[PDB]
Amino acid sequence: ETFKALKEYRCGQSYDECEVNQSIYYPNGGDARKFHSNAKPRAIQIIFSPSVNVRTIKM
Amino acid sequence: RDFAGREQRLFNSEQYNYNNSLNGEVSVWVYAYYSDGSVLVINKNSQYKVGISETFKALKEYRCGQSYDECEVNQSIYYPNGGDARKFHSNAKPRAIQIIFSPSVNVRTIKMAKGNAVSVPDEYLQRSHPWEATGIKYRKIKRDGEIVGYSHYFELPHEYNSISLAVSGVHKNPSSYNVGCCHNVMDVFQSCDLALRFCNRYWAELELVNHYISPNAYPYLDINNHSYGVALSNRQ
Amino acid sequence: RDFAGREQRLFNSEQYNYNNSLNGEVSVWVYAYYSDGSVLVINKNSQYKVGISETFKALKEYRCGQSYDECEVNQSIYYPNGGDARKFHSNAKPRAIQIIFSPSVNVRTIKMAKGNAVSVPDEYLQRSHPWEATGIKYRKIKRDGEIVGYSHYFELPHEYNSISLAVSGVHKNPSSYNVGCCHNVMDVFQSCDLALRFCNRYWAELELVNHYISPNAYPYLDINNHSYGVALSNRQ
Amino acid sequence: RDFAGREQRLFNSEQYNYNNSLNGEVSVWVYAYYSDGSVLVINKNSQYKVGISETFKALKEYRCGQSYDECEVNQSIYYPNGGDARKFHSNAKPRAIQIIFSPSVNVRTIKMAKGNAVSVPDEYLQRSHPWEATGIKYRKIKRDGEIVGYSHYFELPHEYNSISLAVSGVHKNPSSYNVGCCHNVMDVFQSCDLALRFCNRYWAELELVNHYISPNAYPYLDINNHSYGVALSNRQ
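Residues numbered from 1 in each chain as written, not as in the entry; some residues may be left out. Chains lettered and ligands numbered in written order. Part of a larger assembly, values for the part shown. Heavy atoms only, no water. Residues with missing side-chain atoms left out of burial classes, pairs and counts.

Concerning the interface of chain C and chain D
To keep it simple, the criterion reads: The contact criterion used is simple: two residues touch if any of their non-hydrogen atoms lie within 4.5 Å. Summed over both partners, the accessible surface that disappears when two parts come together, traced with a 1.4 Å probe, is what is meant by buried area. Salt bridges, as used here, are contacts in which a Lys or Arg side-chain nitrogen is within 4 Å of a carboxyl oxygen on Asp or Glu. Under the rule applied, a polar contact is a pair of N or O atoms within 3.5 Å (in protein, one hydrogen donor and one hydrogen acceptor; residues adjacent in sequence only if both atoms are side-chain atoms).
Counting residues at the interface gives 49 residues for chain C and 35 residues for chain D. When the two sides are added together, the surface that chain C and chain D hide from each other amounts to roughly 3600 Å², 61% of it contributed by carbon and sulfur. The tally of links between chain C and chain D comes to zero salt bridges. Counting across the chain C and chain D interface gives 10 residue pairs in polar contact.

Considering helix α4 (residues 185–194) of chain B
All names here are of chain B. Filter applied, for reference: Throughout this description, buried means an accessible area under 20% of the type-specific maximum (1.4 Å probe, protein chains only), exposed means over 50%, and partly exposed covers the range between. Each helix corresponds to a stretch of at least 4 residues labelled H or I by DSSP, and each strand to a stretch of at least 2 residues labelled E; elements are numbered beginning at the N terminus. Taken from the helix axis, the directions to the C-beta atoms give the arc we talk about.
Among the residues making up α4, those that are buried are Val188, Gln190 and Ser191. Projected onto a plane normal to the axis of α4, the buried residues spread over an arc of 160° and lie on a single side. In α4, the exposed positions angled more than 90 degrees off the buried face are occupied by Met186, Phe189 and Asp193. On its buried face, α4 is in contact with β2 (39–47) and β3 (49–54).

Here we look at the arrangement of the chains
Of all three pairs of chains sharing an interface, the pair with the highest contact count is chains C and D. A gap remains between chain B and chain C, with no contact made and the closest C-alpha atoms lying 14 Å from each other. The two partners chain A and chain D share no contact, and the minimum distance between any of their C-alpha atoms is 14 Å.

A word on the sheet that holds strand β5 (residues 111–115) of chain D
Residues and elements named next belong to chain D. Short version of the rule: A pair of strands is treated as paired once DSSP finds two or more bridges between them. Interaxial angles span 0 to 180 degrees and are taken between N-to-C directions of axes, which are lines fitted to C-alpha atoms, for helices over the stretch in contact.
The strand order across the open sheet formed by three strands is β3-β8-β5, and the pairing between neighbours is antiparallel. Strands at the two margins of the open sheet, each flanked by one partner only, are β3 (49–54) and β5. In this sheet, neighbouring strand axes are inclined to one another by 0° on average, regardless of whether the strands run parallel or antiparallel. Pairing between β5 and strand β8 (residues 164–170): five bridges, direction antiparallel. By the bridge assignment for β8, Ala113 is matched with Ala166.

A closer look at the relation of the copies chain C and chain D
This is how the line gets drawn: Their C-alpha atoms serve as the basis on which the copies are superposed by least squares.
Screw-axis analysis of chain C against chain D gives a translation of 0.0 Å along the axis, an RMSD of 0.0 Å, and a rotation angle of 120°. In symmetry terms, the pair is related by a three-fold rotation axis. Here only 6% of the contact residues of chain C are again contact residues in chain D; the copies associate through non-equivalent surfaces.

Structural notes on the state of the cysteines
To keep it simple, the criterion reads: A pair of sulfur atoms, both from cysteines and within 2.5 Å, is called a disulfide here.
This structure, assessed with the given rule, holds one disulfide over all chains. Each sulfur in the disulfide pair C:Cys181 and D:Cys182 lies 2.1 Å from the other. Disulfide C:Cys181-D:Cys182: torsion about the S-S bond near 80°, hence right-handed. Taken together, the residues C:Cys181 in the loop between β8 (164–170) and α4 (185–194) and D:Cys182 in the loop between β8 and α4 (185–194) connect one chain to another. Assessed through its relative accessible area of 19%, D:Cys182 is described here as buried. This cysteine, B:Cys71, is not joined by any disulfide, and A:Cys11 carries the nearest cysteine sulfur, 19 Å off.

Concerning the sheet that holds strand β7 (residues 146–155) of chain C
Through backbone hydrogen bonds, the strands of a sheet pair up, either in parallel or in antiparallel fashion. All names here are of chain C. Strands sit in the order β6-β7-β4-β1-β2-β9 across an open sheet of six strands; the sheet is antiparallel. Two strands close off the open sheet at either side, each with one partner strand: β6 (139–143) and β9 (196–202). Recorded for the sheet is a direction-independent mean angle of 20° between the axes of neighbouring strands. Bridge count for β6 against β7 is five bridges, and the pairing is antiparallel. Bridge pairing in β7 places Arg139 opposite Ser151.

Remarks on the packing of aromatic side chains
Selection criterion: Two rings from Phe, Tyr or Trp (for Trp, the six-membered ring) form a pair when their centres sit within 6.5 Å of each other. Planes less than 30 degrees apart are called stacked, planes more than 60 degrees apart edge-to-face, and all others tilted. In this scheme, the term charge over a ring applies when either NZ of a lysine or CZ of an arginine sits within 6 Å of the ring centre and within 35 degrees of the ring normal.
Throughout the structure, instances matching the rule amount to 31 aromatic pairs over all chains. Measuring from ring centre to ring centre gives 6.2 Å for A:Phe3 and A:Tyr25, while their planes differ by 80°; the resulting arrangement is edge-to-face. By relative accessible area, which is 21% here, A:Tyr25 ends up partly exposed. Here the aromatic cluster, defined as three or more aromatic residues joined through ring pairs, consists of A:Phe3, A:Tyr25, B:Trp29, B:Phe198, B:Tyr202, B:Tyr212 and B:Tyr218. The side chain of B:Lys111 reaches across the aromatic face of B:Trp131, ending 5.0 Å from its centre.

Quick notes on the interface of chain C and chain A
Across the boundary between the two partners, chain C contributes eight residues, which contact six residues of chain A. Here chain C meets chain A over a buried area of about 630 Å², counting both sides, of which 53% is carbon and sulfur. The largest per-residue losses of area from chain C upon contact with chain A belong to C:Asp36, C:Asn91 and C:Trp203, which jointly make up 61% of the total buried on that side. Here chain C and chain A share zero salt bridges between them.

Observations concerning the environment of C:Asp2
Residues and elements named next belong to chain C. Within the element layout of this structure, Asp2 appears in the segment before α1 (3–20). Classification of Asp2 as exposed rests on a relative accessible area of 52%. Placed 12 residues apart in sequence, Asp2 and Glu14 show a C-alpha to C-alpha distance of 18 Å. Within the structure, the side chain of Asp2 is placed 3.5 Å from the backbone nitrogen of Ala4, a separation counted as a polar contact. A polar atom in the side chain of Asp2 sits 2.9 Å from the backbone nitrogen of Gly5.

With respect to α4(D)
Where burial is concerned, most of α4(D) is hidden: eight out of the 10 residues are buried. Here α4(D) has its buried residues at D:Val185, D:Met186, D:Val188, D:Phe189, D:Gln190, D:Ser191, D:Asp193 and D:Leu194.

Remember, this is a structural readout, not a statement about activity or role.
Shown next, in the form of structure tokens:
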């Protein structure tokens with residue numbers, strides 16, 4: 001996934017968040033009205049099924 | 001005895017050489033140029049081999065935060081007079097494309113499928129070879145006598161230039177070790193999963209050079225034929 | 001014989017001392033910190049004594065020019081499962097609070113009522129003392145060895161930290177003259193009417209420091225524990 | 001020898017008695033009842049004395065997340081035929097009011113200023129006493145023979161019942177210690193700053209009883225004359 005694809009999207013509920021992205025790709029590159037976008041993930045968890053071979057996992 | 005000097009030159013040379021090793025990246029970028037002066041970039045970075053494939057509709061200009069008519073434009077491009085569009089020429093169609101590869105590609109492996117608007121490489125499927133080997137057309141992007149990238153640039157200036165596009169290249173490998181043979185083939189399959197994609201639309205080529213090409217040390221060739229990138233081999 | 005020097009030092013000392021006199025201001029600020037990095041400030045400035053009191057709803061983030069769901073969030077915070085909200089945690093809830101007093105406060109008079117979301121100080125009214133004397137928790141904000149303000153900072157990092165908040169302090173008075181006794185009591189009642197309030201939401205702590213704290217010569221303690229303010233007593 | 005029993009009775013009695021001490025809360029609630037069956041509650045909780053004051057406009061129904069016409073309604077209520085409203089009777093006007101005090105009030109100190117729509121207590125300012133002492137009208141809200149609160153209920157069923165409203169009561173003090181005399185007067189001034197306010201609109205009296213009155217152990221008297229609250233003095 002891209003950076004943008006991991007951000008929160010609430011279907012049925014954007015211009016500012018486009019500029020947030022621009023300001024994250026390059027410092028001071030965007031015209032965003034916020035210091036921290038709450039649509040950014042705070043954490044990630046990766047889970048594999050027990051059928052994986054753990055030694056082959058790559059990130 | 002100038003060890004700072006020696007280590008600076010080795011640090012840059014190691015970067016050059018690592019990228020060109022079989023442990024390093026190969027990268028492709030597709031730039032689509034619109035009449036409003038904005039530029040869409042799609043980038044993919046992967047080990048072993050890399051490519052990008054987009055539909056006609058995916059290459060058209062989209063300004064996030066700023067559609068029914070453009071849906072009908074598409075219908076009228078798939079089949080003549082097939083849509084109910086209120087415009088002769090959509091300004092969301094790209095006017096030109098530039099394909100850039102990293103210097104770690106082998107240029108002889110570059111392949112391009114430049115289809116029509118319904119995603120057929122050469123008029124009808126029955127007569128289509130699925131790609132063309134276009135490496136001979138790529139120009140060297142050079143800085144300080146070093147090849148920093150490879151460029152293919154083509155205009156789509158005619159009303160009939162309505163395209164789907166895919167491109168692919170393989171990382172150089174001047175060894176006789178086949179990275180896709182039985183010993184490593186599953187690692188190539190994993191590389192498909194591990195490739196990282198980026199896309200964004202910049203309002204102007206200036207913004208593209210200043211905030212995308214340059215900060216990332218990427219190669220670029222601008223509309224005035226000026227080369228951008230960073231030479232590293234045996235350089236301080 | 002350097003009269004410019006002497007007068008500069010006296011001008012600053014007079015400012016320090018005037019503020020600490022019974023003719024001077026006492027000021028309180030409440031800063032609420034949101035997860036988007038924005039900061040709401042509420043300030044009150046008054047003679048004799050000063051305070052601020054806000055409801056749970058009043059402390060939540062409001063971006064002017066940029067609601068039904070947040071109304072239901074409130075209902076679900078007043079009573080568990082009492083609302084029809086489409087979110088587990090409202091990002092409009094403050095994550096932290098900082099209380100700052102001017103150096104003219106008497107720290108021993110500081111009182112705080114930190115209620116629950118229905119404005120009850122300590123679980124049920126029947127068992128609530130209406131305030132706590134929290135002065136012992138205030139840190140000195142210092143510049144150049146001078147106390148420029150007093151700070152109490154507390155996080156609300158848990159889902160259950162849903163608060164109403166009031167704070168109050170009295171201007172220092174090392175005299176035995178009671179400003180609230182019969183000779184001056186009506187002037188204290190008028191001071192209630194005369195207090196000036198300010199509130200605003202700044203997009204970042206940077207903007208708060210640059211455009212609110214610093215231009216006004218106010219004390220501040222930032223999230224990196226850095227002190228801001230202006231030392232004036234016997235200083236040029 | 002049943003110490004669990006004894007301690008349970010003392011725990012409840014201590015709550016009853018603490019609230020009635022000079023260290024405890026006194027609380028007032030104003031309930032405004034609308035024709036759609038919704039109820040606005042305003043609560044204030046403070047030491048020593050407490051009150052609420054609202055304008056005519058502030059008492060009208062507001063459904064958050066769900067105005068020009070209602071602005072003109074106001075104009076036509078301030079002066080007859082003064083507005084351009086598209087309705088004879090605004091359903092946002094309250095139909096009734098209930099004032100409830102905590103049992104820690106002294107009923108003889110209760111005062112109410114029930115003004116007209118332009119906030120004048122009795123027709124013209126020149127002839128207005130600024131309040132009426134209405135304590136004799138308050139009913140005891142009782143549970144198990146214990147007074148859990150005091151209630152004044154009045155309908156506004158006529159088109160001309162268009163009101164501004166303020167109410168105030170003092171915490172009981174059967175001692176001869178004057179809490180507002182010189183030794184404690186500044187603490188009463190701080191209590192003004194420390195009072196906590198709450199307001200909310202519940203869709204039905206059911207929701208008000210279930211999610212506001214009952215969870216908080218507050219007194220209430222419903223439209224069927226049923227009493228709610230918790231008796232604590234010498235009770236398990």
